[PDB]
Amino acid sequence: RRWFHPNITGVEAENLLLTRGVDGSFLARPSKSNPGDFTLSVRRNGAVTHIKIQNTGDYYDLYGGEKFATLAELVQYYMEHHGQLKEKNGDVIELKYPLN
């Protein structure tokens, strides 16, 4: 999957999304704080947000929400339902355009 950025830092994710993206662009990359896991770096209102993806070994989810068997499945749900990712305080973060 081309939105999957394997060896990229949150810093280079922000580099790419601010120079190569538009609002609504996103990518998944691996976690820094939790080695072996992933993170979604999404672009909203000219800045980048990072969302941790929970891999429980039984499913994937966004530490709450629908659960998925694969990462690409998760990304497709959120792409196909742009109202479904809300950040605690109500605000919606749309995953609209894969960065790549």
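Throughout, we count residues from 1 along the sequence that is shown.
> Would you tell me which stretch averages the higher CA B-factor in the PDB entry, 21-29 or 82-90?
Higher of the two, by average CA B-factor, is 82-90.
> For the C-alpha atoms alone, is the average B factor greater in 3-11 or in 91-99, going by the entry?
Stretch with the higher mean C-alpha B-factor: 3-11.
> Of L62, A69, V75, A47, which one's C-alpha B factor is largest in the deposited record?
Answer for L62, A69, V75, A47: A47, with the highest C-alpha B-factor.
> With respect to C-alpha B-factor, does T39 fall in the lowest, middle or highest third of the chain as deposited?
For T39, whose C-alpha B-factor we compare with every modelled residue in the chain, the answer is the middle third.
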